[PDB]
Amino acid sequence: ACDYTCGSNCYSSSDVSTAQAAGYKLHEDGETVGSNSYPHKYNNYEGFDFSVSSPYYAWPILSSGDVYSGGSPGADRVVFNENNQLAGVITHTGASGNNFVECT
Ligand SMILES: Nc1nc2c(ncn2[C@@H]2O[C@H](CO)[C@@H](OP(=O)(O)O)[C@H]2O)c(=O)[nH]1
Ligand SMILES: [Ca+2]
């Protein structure tokens with residue numbers, strides 16, 4: 001079973017932890033990757049009810065299992081905070097325009 005389902009993509013907690021660790025590492029070191037410069041500060045305009053405090057950052061999580069290293073980021077993102085706490089997993093899939101909806 002999927003711990004997180006983003007549209008048609010299935011993610012286990014381990015996939016999320018791996019992606020989060022990569023994203024947080026870059027944030028701590030002060031570096032970015034990709035033309036869109038990830039990780040991105042995430043403002044949470046959607047108003048998701050995260051149980052952890054902001055600031056938030058979004059980092060791509062890939063359905064292929066690989067860690068994002070540039071190129072097409074897909075539609076899914078892991079959101080973590082300044083303290084390296086998981087806020088949630090979100091996706092553009094099933095959302096209008098460039099908005100996000102939470103993965104189930
Ligand atoms: N929808 C949305 N996008 C945000 C927010 N904060 C920052 N962004 C960033 O703005 C960009 C365009 O919507 C997104 O890039 P991304 O789609 O590559 O993740 C996203 O990371 C927010 O709260 N909501
Ligand atoms: Ca997997």
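Residue numbers run from 1 in the order of the sequence given.
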Are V52 and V89 connected in a single hydrophobic cluster, I mean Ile/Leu/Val/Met/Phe/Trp/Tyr linked by side-chain heavy atoms less than 4.5 Å apart? no
Take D49 and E102 through the side chain to side chain contact (heavy atoms under 4.5 Å, CB included) test and state the conclusion after the steps. CA-CA 10 Å; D49 60 4; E102 289 188 301; 4.3 Å; yes
Donor on one side chain, acceptor on other, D76 and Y11, under 3.5 Å: yes
Please check this pair: side chain of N81 against backbone of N83, looking for a donor-acceptor N/O pair closer than 3.5 Å. yes
Criterion side chain to side chain contact (heavy atoms under 4.5 Å, CB included) on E46 and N99, from CA distance to verdict: CA-CA 7 Å; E46 282 65 25; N99 294 174; 3.9 Å; yes
For the residue pair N36 and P73, what are the closest heavy atoms and their distance? ND2-CG, 4.4 Å
Under a 3.5 Å cutoff, is there a donor and acceptor pairing between the side chains of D15 and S12? yes
Could you give me the CA-CA distance, side-chain angles and deciding distance for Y57 and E82, then say whether side-chain hydrogen bond (donor to acceptor under 3.5 Å, both in side chains) is met? CA-CA 8 Å; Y57 297 97; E82 194 64 58; 2.9 Å; yes
Closest heavy-atom pair and its distance - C6, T91: CB-CB, 4.0 Å
Value for CG (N84) from NE2 (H27), rounded to nearest 0.5 Å, stands at 9.5 Å
Common cluster, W59/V101, ILVMFWY with side-chain heavy-atom separation under 4.5 Å: no
Closest approach of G7 to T93 (non-hydrogen atoms, all atoms of both residues): CA-CG2, 3.9 Å
Could you please spell out the steps behind the side chain to side chain contact (heavy atoms under 4.5 Å, CB included) verdict for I61 and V16? CA-CA 7 Å; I61 178 171; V16 177; 4.0 Å; yes
State the SG-CD1 distance between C103 and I90, to the nearest 0.5 angstrom. 8.0 Å
Compute the centroid of each ring, for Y56 and then for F80, and state whether the two points are separated by less than 6.0 Å. no
Measure the spacing between CG of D3 and OG of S14 and express it to the nearest 0.5 Å. 8.0 Å
Spacing of OG belonging to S37 relative to CD belonging to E31, to within rounding of 0.5 Å: 12.0 Å
Do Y38 and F100 share a hydrophobic cluster (ILVMFWY, side-chain heavy atoms under 4.5 Å, transitive)? no
Nearest 0.5 Å, please: how far is CD in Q20 from OG in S13? 11.0 Å
Are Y24 and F50 linked, directly or through other ILVMFWY residues, by side chains that come within less than 4.5 angstrom of each other? no
Does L26 form a side chain to side chain contact (heavy atoms under 4.5 Å, CB included) with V33? I'd like the steps, not just the answer. CA-CA 8 Å; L26 290 172; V33 60; 3.9 Å; yes
